[PDB]
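Participant: heads up, no residue letters with this:
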Ligand SMILES: *[C@@H]1O[C@H](CO)[C@@H](O[C@@H]2O[C@H](CO)[C@@H](O[C@@H]3O[C@H](CO[C@H]4O[C@H](CO)[C@@H](O)[C@H](O[C@H]5O[C@H](CO)[C@@H](O)[C@H](O)[C@@H]5O[C@H]5O[C@H](CO)[C@@H](O)[C@H](O)[C@@H]5O)[C@@H]4O)[C@@H](O)[C@H](O[C@H]4O[C@H](CO)[C@@H](O)[C@H](O)[C@@H]4O[C@H]4O[C@H](CO)[C@@H](O)[C@H](O)[C@@H]4O)[C@@H]3O)[C@H](O)[C@H]2NC(C)=O)[C@H](O)[C@H]1NC(C)=O
Ligand SMILES: NS(=O)(=O)c1ccc(C(=O)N2C[C@H]3CN(C(=O)c4cc(OCC5CCOCC5)nc(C5CC5)c4)C[C@@H]3C2)c(F)c1
Ligand SMILES: [Ca+2]
Ligand SMILES: [Ca+2]
Ligand SMILES: [K+]
Ligand code: NA
């Protein structure tokens, strides 16, 4: 209920909201339907427009006017933004050449530079270049400040999940806003764009910037704007708040614009009608910058210009209909559009089976414009599984397309020419970042980065300690002139054993049948030192990975590779090796095919065996260091050690073999050597975090051998590719993947063809950051380089995406 009986006089745009049923005067009262009767009259003045003219210069203050051109206006902080331009002969901020801001140049009383976050819905990254001619203020922010060529949103590339990611530093699966539309089965409640429910606090997890600020004693402007408050009035309010005296004036502010997204949906990303919304956004930026300049704050405030996602061409006729696939279409609920989420219409239906729905949706038409997944099988880089609001069945929709349940949903709701929501590596979904102010660098370009990193940098800009989040704090240190955050490497928890020769061959009963009987003084001091670490400098280039949890493990040295062997999981946690540009590929010789040899450094108790694989009709095995790449046929025997073996489904073996036999050598030719680190991942509860031993759901039949959910590789080389990977003097280059370990290749529709037609495409889909592999393994890489730690943190967050420029 609301008793709107009181008055808004003196309270216009209130920083501390009051409680029901007393009437409100804050920037959100409208959207709650609760403002005092006189709110519009007093707080939403429109008289005489948004600009001073010659004649208004030194008018007598008339309290009805939208803004003022009277002598007193500056100390009152309510001049029109162009006052000093029209009435005092000053220039527009955009016409001033840029000059480096080396220190904050603030009025007395400011304890820190304020932060203004100017967010623009649907602002696609390519607008910075394609609209440059019609956005002079933005262009100046961009070229004078620090900017990225683009910024990667989170999946799904929808509005609420991204604004809330920007607020919190969390993936949607952690902050809870997993879509623009949601059902929470624990609450039995629905969240919708339209309507009241979205205001309930139980939807919104983590801790957003404004709470972080409040809890550490920094005052926050109110971030949220009711749709009907015109842009010019939002800018005026922020300028007025910045005039407030020392202990009242907020230190952080947000402006939000509904454009260019509103027009993007109607006309497409580059519709001719899109020039005007771009012009209007730049004009608003101009008003803010002229306003700050009048207040002498244009060299004091840090400004961030930032989008939530881009925009793609999408039309009614590019819709796939599940009614063309499923005979049971009235038994399901679908969240439709640029993604698909499916659940049972009724949980009392015992006929609803996910498995057969997925099967009926798999590679059914030859150019199908979506692909079905169980949520745990989605690319791990999307981090989109661990929340009860995300349905088990997901559809990833091709760019430019929609999915819907039935034709009648699409004509009884062509309307739209643009939409967004697709896979967050898609080029049309990329968005913008510019930072301008004393704390940002001057005229600097930084490489593209993910929006999950910004909350940490906004906390750095404000002197706040961030709540725990998914950013990697210090990876964006290169954007900042000062206030950088200096982290330390996490401490190693478990120290490795270094076992010698401790077991005889006859202590093992592996049931393999290896041929290995072939027998020298010169070669045996040399194969000895290879077991003690002489080529380790070649194969372990950046130090051994640190293990950050409590476990029992062994370092194993060989001529061609080094590994960290887990006695608990009965396989390597990691296997490291370097393949030079000159390396030769040999084939597997038949005397050795099903040969697997005991490793005399490791007990039969802590080893795998061949018998379990022979009994398991589904499961076969492969090797982490590839026998195809061994340096000499004496070294090739190390490749067949029981301690280099891992469980693999025959369907996965086709992917792994092609990677190891064809792709590795290719990457070495192209990159001038590569160093490869490979291993298993166990994520049975799809939380993105290393499993403990008691979370493993599947073992090789009749053994203690755990089955990985995924296999990773991290492939590193010199950024300057004229130096070889093993003698690199400067910055590094990296690409990685996390391949799902699946019993079939149903994910790849073309898998009956040769591997050179589909394997590499699958790898590209499952590209990964080093940091994703770290969360999934509890390991820390690149411990020993000659680079700064901040540069290494940037390297670890890098994602190789496989889109053109
Ligand atoms: C991305 O960054 C984030 C942020 O750091 C990372 O997520 C964190 O992961 C931590 C480790 O898994 C986790 O720590 C746990 O905290 C539990 C306490 O939970 C509450 O308190 C915190 C603190 O303020 C709060 O953040 C939580 O908020 C969640 O819950 C509600 C939803 O119900 C939402 O409002 C909110 O959005 C958020 O949801 C998200 O996280 C939860 C998991 O907590 C998911 O279920 C949701 O889907 C969603 O993703 C909470 O309100 C605590 O219970 C945990 O302790 C258990 O496990 C330990 C192991 O140490 C064991 O010792 C304990 O005894 C306990 O186990 C007992 O309970 C079990 C189950 O109830 C039971 O089976 C056992 O028998 C045991 O008796 C744990 O310490 C932290 O909560 C989240 N934080 C956030 C914000 O999500 C994330 O990992 C990063 N992602 C990647 C890929 O790196
Ligand atoms: N996707 S679509 O279907 O086309 C689509 C769908 C719906 C709308 C819509 O009605 N609006 C009206 C807008 C008002 N608004 C905010 O005021 C706002 C700003 C903000 O800002 C968070 C800051 C955090 C720091 O980084 C910058 C933003 N955070 C939040 C939320 C996370 C807590 C809200 C965003 C609302 C979406 C739309 F417009 C497009
Ligand atoms: Ca949006
Ligand atoms: Ca896990
Ligand atoms: K088998
Ligand atoms: Na297939």
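Facilitator: The structure has been received and is ready for your questions. Numbering: from 1, shown residues only. Ligands and ions are numbered 1, 2, ... in the order given.

Participant: so where does the residue of the stretch 101-250 of the chain found nearest ligand 5 fall, helix or strand?
Facilitator: Here the stretch 101-250 of the chain gets closest to ligand 5 at one residue, residue 173, 35.0 Å apart by C-beta to the ion. Just so you know, the C-beta spots here come from the backbone N, C-alpha and C atoms, and that holds for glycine as well. Element membership for residue 173 (DSSP states H and E) is helix 172-175.

Participant: say whether ligand 1 is contacted by that helix.
Facilitator: Yes - counting by C-beta under 6 Å from any ligand atom, ligand 1 has neighbours in helix 172-175: 173, 174, 175.

Participant: and residue 130, its phi and psi?
Facilitator: phi -70, psi -30 (degrees, to the nearest 10).

Participant: do the same with residue 740
Facilitator: phi -70, psi 130.

Participant: so it sits against residue 686, correct?
Facilitator: No - judged on C-beta atoms under 8 Å, residue 740 makes no contact with residue 686 at a distance of 11.1 Å.

Participant: what about the strands in the stretch 401-550 of the chain?
Facilitator: Secondary structure of the stretch 401-550 of the chain by DSSP state E, counting those that start in this stretch: the strands cover 402-404, 418-419, 433-436, 444-445, 449-450, 546-547.

Participant: what's the longest one in contact with?
Facilitator: So that's strand 433-436. With contacts defined as C-beta atoms under 8 Å, 6 or more residues apart in numbering, strand 433-436 is touched by 138, 141-142, 144-148, 150-151, 302-307, 449, 454, 479.

Participant: narrow those to those in helices?
Facilitator: Counted as lying in helices by DSSP state H, out of those, are 138, 141, 142, 144, 454.

Participant: wait, which of the residues you listed is closest to residue 663?
Facilitator: residue 454 (34.5 Å; C-beta to C-beta).

Participant: and the closest one, how many neighbours?
Facilitator: 25 (other C-beta atoms under 10 Å).

Participant: surely it is in contact with residue 307?
Facilitator: No - applying C-beta under 8 Å as the test, residue 454 and residue 307 come out as separate, 11.6 Å apart.

Participant: any idea whether the residue nearest to residue 185 when sequence neighbours are not counted is helix, strand or coil?
Facilitator: Nearest residue to residue 185 in three dimensions, chain neighbours excluded: residue 388, at 6.0 Å (C-beta to C-beta, 6 or more residues apart in numbering). Here residue 388 is coil, with the state taken from DSSP: H, G, I helix; E, B strand; the rest coil.

Participant: can you check residue 269 too?
Facilitator: coil.

Participant: list the contacts of it.
Facilitator: Neighbours of residue 269 in contact, by C-beta under 8 Å, 6+ apart: 124, 310, 311, 312, 313, 418, 428.

Participant: are any of the residues you listed buried, and if so which?
Facilitator: 124, 310, 311, 312, 313, 418, 428 (16 or more other C-beta atoms under 10 Å).

Participant: now, which of these sits nearest ligand 1?
Facilitator: residue 310 (24.4 Å; C-beta to the nearest ligand atom).

Participant: right, and the closest one touches residue 159 too?
Facilitator: No - assessed by C-beta under 8 Å, residue 310 is found out of contact with residue 159, at 11.9 Å.

Participant: burial count for the residue lying closest to residue 270 once chain neighbours are set aside?
Facilitator: Once flanking residues are discounted, residue 270 sits nearest to residue 130: 7.1 Å by C-beta to C-beta, 6+ apart. With neighbours defined by other C-beta under 10 Å, the count for residue 130 comes to 15.

Participant: hmm, back to that, of the ones in helices among the contacts of strand 433-436, which is the nearest to ligand 6?
Facilitator: Nearest to ligand 6, judged by C-beta to the ion, of the ones in helices among the contacts of strand 433-436 is residue 454 at 39.2 Å.

Participant: near ligand 2, which residues of the stretch 301-450 of the chain show up?
Facilitator: residue 306.

Participant: OK, now which residue of the stretch 301-450 of the chain is nearest to ligand 5?
Facilitator: residue 377 (22.5 Å).

Participant: ditto for the stretch 701-805 of the chain
Facilitator: residue 701 (8.3 Å).

Participant: just checking, that residue touches residue 619?
Facilitator: Yes - Residue 701 lies in contact with residue 619 (C-beta under 8 Å); the separation is 7.0 Å.

Participant: settle it for me: which of those two has more neighbours?
Facilitator: Neighbours were counted for residue 701 and for residue 619 using other C-beta under 10 Å; residue 619 has more, 20 against 14.

Participant: give the full set of residues in contact with the more buried one.
Facilitator: 613, 647, 648, 649, 700, 701, 707.

Participant: what of residue 324?
Facilitator: Neighbours of residue 324 in contact, by C-beta under 8 Å, 6+ apart: none.

Participant: which phi and psi does residue 776 have?
Facilitator: phi -70, psi -10.

Participant: count the residues that sit near it.
Facilitator: 24.
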